[PDB]
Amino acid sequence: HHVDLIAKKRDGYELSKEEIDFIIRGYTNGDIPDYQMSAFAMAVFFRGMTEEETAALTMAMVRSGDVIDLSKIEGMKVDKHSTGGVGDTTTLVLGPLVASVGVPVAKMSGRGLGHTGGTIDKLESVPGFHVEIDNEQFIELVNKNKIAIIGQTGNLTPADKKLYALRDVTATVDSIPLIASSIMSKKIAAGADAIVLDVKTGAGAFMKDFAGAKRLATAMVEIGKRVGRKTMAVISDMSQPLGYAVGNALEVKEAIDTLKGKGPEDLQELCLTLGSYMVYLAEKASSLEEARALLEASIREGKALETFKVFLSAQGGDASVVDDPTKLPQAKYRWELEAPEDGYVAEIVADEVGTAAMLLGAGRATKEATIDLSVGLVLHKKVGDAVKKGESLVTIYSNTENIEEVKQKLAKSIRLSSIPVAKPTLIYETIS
């Protein structure tokens, strides 16, 4: 009786590969009912899984569906995953950036239900840009330009879709082996040969303390070691929002700034770090140092920006947004939230900035909502900055003037100290 599988995990014993395969296959097909799977997931929450178990679980979820074939795209396929957070524009920058030095970027994604738009929602800020190409045109564009984007249509990791939904309604999301296997299985099924992970830490991150962030990163790197997909993880800071802009059109404008070498310092450093790992793992550089140098040169010489222009134009977008960002959707109203006193920024509560952006309408809440891509916010002070009373802490971009609740949430989220504060560490450590 299937109950034995639950009992075994409950008692702290390691499931075999055969048992993990059996339970995932039966749950996927309906042989194992949801109430047994949820008891099993709670037992995992308390007793965990070994590295061998976690890798077996990852591959059982990969095998539950289809695997995207990228063999006709020349080169190693390296993919990036972040748990993300408020202001994380890295995906918009990293594509053109690494593609400009020869790393093929075969980007597949789907419209999310998150706190901002997904990559597709954001890129659709660009007039004329649309992602409705078939797989052949996708392959062609990647081999020609080294970058393209398509909407995910494959039946990937159906077992993960099902199990993550169940976890979400049974208080079993917060389990390192379940999180690690979910994320990695999705990247492997999408055809990654190698994987770069940005694991966030701090109050704005998925894992709310550094130890947990490190354990998650380690778990995913070990999965990759065992399934033959080299994986490297950077642990980076989300104690405050990244960069300045939170939104859709606003984050595209900031990404354009960053590709020109004049973006926020934190986003620039993060994109250079993640991208150096992507370039090295893709074997388009002989070392991380060489990869970093190539990306700094591509930025300063304008090649990453030209790559972005090629990418936009190839799928219908008006690349002139790079010269004239006013062609992105513009907000009807702008408001300056003034500082109430002199001081130094000691904290920006990332979760609350995210909530403020959501209240303005920058994110999706129902499976399909239409999003006003013009709205959001641009922070002007980050942790460590000096502030004078009356100085603008943030600009609020809205489609109406009825934003008192947004003003109050943002004012409360920006914490000042009367004495100077140090910059937090951005890049904590690399796990490989």
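Position 1 is the first residue in the sequence shown; the rest follow in order.
- The stretch 363-371 shows the higher mean C-alpha B-factor when 398-406 is compared against 363-371 in the entry.
- Stretches 247-255 and 103-111 differ in mean C-alpha B factor, with the higher average recorded for 103-111.
- Highest C-alpha temperature factor among 342, 266, 338, 347 per the entry: 342.
- Listed residues 236, 89, 218, 320 were ranked by CA B-factor as deposited; 320 comes out on top.
- Among the modelled residues of its chain, residue 70 has a C-alpha B-factor that falls in the highest third, as given in the PDB entry.
- Remark: residue 273 belongs to the lowest third of its chain, ranked by C-alpha B-factor as recorded.
- Sort the modelled residues of the chain by CA B factor and residue 52 lands in the middle third.
- Looking at the C-alpha B-factors along this chain, the one for residue 386 belongs to the middle third.
- The deposited CA B-factor of residue 60 belongs to the middle third of values across its chain.
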